[PDB]
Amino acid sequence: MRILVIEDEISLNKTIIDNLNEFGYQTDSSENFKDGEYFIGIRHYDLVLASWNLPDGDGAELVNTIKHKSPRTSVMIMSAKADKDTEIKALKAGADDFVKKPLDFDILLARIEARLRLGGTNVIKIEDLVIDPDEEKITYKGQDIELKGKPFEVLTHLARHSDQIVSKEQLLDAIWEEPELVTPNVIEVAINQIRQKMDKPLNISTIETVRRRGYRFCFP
């Protein structure tokens, strides 16, 4: 999952990115609405962390622009003014969460994880398939599967986004630090790794390929 930060204050923007990266997220920062708006046009972000109090934005337009271009991107607003009405304006403007500044980073990461779970649970438990992304483990029928690294991350991403196709660019954007540089075959070798150690041996078809579209996780 890729997070984007738009903090006008220089020090805060940094601290946030460092904490987020430590957790396990891919990250890009912005200090401007214009600079932000460019990023959201080149890359896909799973969540955007923006300040309502920016010099070059009203907040409400910021939240509106992003949720129009990237309609599946989540918007979390941060404000030093956590007033009742400031919050309501943000949420009404299309924000998905509102947090007060100064920040509790332990609570932020929890909400970020909840927002990227897509309504799911932390441990993804479909049938006898159990993917614990936190301990990096996949178990089917009590039997353990051995998938690790990027290849495991596209599987959880494909599972968080089940019954939906995910373009190779989004998998790149979500999991690789510099998605533009890596060749898009990294994604295909990963899917082969997954299928080889899951779909092929366990007589199943978890991932489906859709030409000029992407891949789609299924468990029918």
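One-based numbering along the sequence shown.
Here the stretch with the larger average CA B-factor, out of 174-182 and 55-63, is 55-63. Higher mean CA temperature factor between 148-156 and 30-38: 30-38, per the PDB entry. For the set 132, 87, 96, 127, the PDB entry assigns the largest Cα B-factor to 127. In this structure the maximum Cα B-factor among 143, 121, 74, 79 is found at 143. In this PDB entry, the Cα temperature factor of residue 16 sits in the middle third of its chain's modelled residues.
Among all modelled residues in its chain, residue 107 ranks in the middle third by Cα B-factor.
In the PDB entry, residue 217 places in the middle third of its chain by CA B-factor. Ranked by C-alpha B-factor against the other modelled residues of its chain, residue 136 falls in the highest third. Residue 188: CA B factor in the middle third of modelled residues in this chain (values from the PDB entry).
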